[PDB]
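In the structure tokens that follow, a single protein chain appears in two forms: structure 1, then structure 2.
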Structure 1
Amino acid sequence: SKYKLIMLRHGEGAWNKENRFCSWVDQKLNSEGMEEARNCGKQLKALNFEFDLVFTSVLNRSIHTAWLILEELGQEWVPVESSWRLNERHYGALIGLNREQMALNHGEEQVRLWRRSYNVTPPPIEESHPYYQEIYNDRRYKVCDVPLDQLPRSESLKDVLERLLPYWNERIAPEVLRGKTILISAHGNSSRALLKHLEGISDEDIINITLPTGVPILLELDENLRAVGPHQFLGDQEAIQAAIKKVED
């Protein structure tokens, strides 16, 4: 491959262990998520990765993950750019609800579509939603590349791809072609969406792919910034399977 890139997702939190979606709620990493990020930095250091640029979302968990990684590398000086376009999927009205609640308010089949499918968009968060203000009153969203009301109120996996792709094409991709070594610190759905594009994964097959947290994902890209073969998980094979098991089902 002409070019190589690293992407990863931060360790997940308390809500995830109670099968709740954090989505755009700006939850901090727990100590576990902190060790996970440090563990990546160490692994990447062991591989002598030398980054020239980092891209993160605007959610602090992804920014902290990047910072802990650069510290483990002694690369704190490497520029970091952050974008709402790398944000986790917006789960809309479903934000904050556990499995049982979603199922009761919407129906088990609806909810499975909303988590599982590629193109079906959850119902939008409304202003009555207990996390509407906590998201849209945040100064972060007043200085994006689109006005604050142009920002989504919910998203399918497809919708993720569609707002991420322009950031990839306009901001990240040119850096890759310039020969820079890029780290992307992102989230479950943003990472999945990006891979879908880079590997030309089908709408059908993207649903089933799993992405372990706190594992460097290596992409080797060709002239056209397409993956040469599948993505590769970097590090010890037994920590990788543990991590894959954690994101199963």
Structure 2
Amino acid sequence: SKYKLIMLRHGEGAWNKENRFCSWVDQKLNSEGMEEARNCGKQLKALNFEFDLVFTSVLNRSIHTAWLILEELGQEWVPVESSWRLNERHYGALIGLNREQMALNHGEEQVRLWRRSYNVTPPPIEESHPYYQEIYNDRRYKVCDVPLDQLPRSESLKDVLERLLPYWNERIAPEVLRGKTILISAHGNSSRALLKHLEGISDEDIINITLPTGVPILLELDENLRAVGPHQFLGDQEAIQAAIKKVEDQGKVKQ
């Protein structure tokens, strides 16, 4: 048989309007991001989706996005599970910094490696970093399945997959094989990591994949939980392609 699930990246936040890496900083959605979530819900309602389970990260923007979608669907009673393993990639010391500023300071090539490469690891975030405390003093990281001191201080996309894959195999994949309709409300790079795995994208090719925000991602899997075909985006394709470019352009020097 074949199985379909929905994956999506939450919408806008104050920091991305400023083009700053947010990552593990628990920023809330802004008005726009909230609306993008509701629009995703309306599209899903149009397709008459009836979810059985929802998985999110422990970053509140991921959870609020799910809640907004469920409300649009009148499905607020559907079980939700949140895990740090779906958290956006940890950008380490790059957290809070302006992407275009990084391109000017280190060049576009380096920035593209930091943002999209598979193996490159961002410099780790140190205790002196402006957002260090706000992150590691939060109780949500004191009750994860890994000790607080063992949580990453930065992650390469490969690092993300290593901590996300076990969660997918052990808690999400089984539900898919049981025919459950699943919604994964994740982030830009945690989503790319999952896609890289399910579609068997190469270490090299994954660098060219950029996901637009607030856009339902359609993915169909076979009996072996491997992608039957490339992931697709639900909505106006031209607008989605333009949004993908805007994300890419955030790491480019003006011209």
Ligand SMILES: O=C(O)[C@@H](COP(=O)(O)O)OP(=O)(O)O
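Numbers given to residues start at 1 and step along the sequence of structure 1. In this text, rigid core is short for the largest set of C-alphas that superpose within 1.5 Å between two forms.
Of the two forms shown alone, the one solved in complex with ligand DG2: Structure 2, not 1.
Of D145, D138, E108, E81, which one's CA moves 2 Å or more between structures 1 and 2, core aligned? Of all the options, the C-alpha that shifts by at least 2 Å belongs to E108.
Is it true that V25 shifts between structures 1 and 2 by 2 Å or more at the Cα, once the core is aligned? No, the C-alpha moves less than 2 Å.
Core-aligned C-alpha movement of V228 between structures 1 and 2, 2 Å or more: False for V228: its C-alpha shift is below 2 Å.
Post core alignment: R171 C-alpha displaced by 2 Å or more between structures 1 and 2: No, shifts by less than 2 Å.
Per-residue Cα shift, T121, between structures 1 and 2 [Å; core superposed]: After core superposition, the C-alpha of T121 moves 0.6 Å between structures 1 and 2.
Core overlaid, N98 C-alpha shift between structures 1 and 2, how many Å? Displacement of the alpha carbon, after core fit: 1.6 Å.
After superposing on the rigid core, how many Å does the CA of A242 move between structures 1 and 2? C-alpha displacement of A242 between structures 1 and 2: 4.1 Å.
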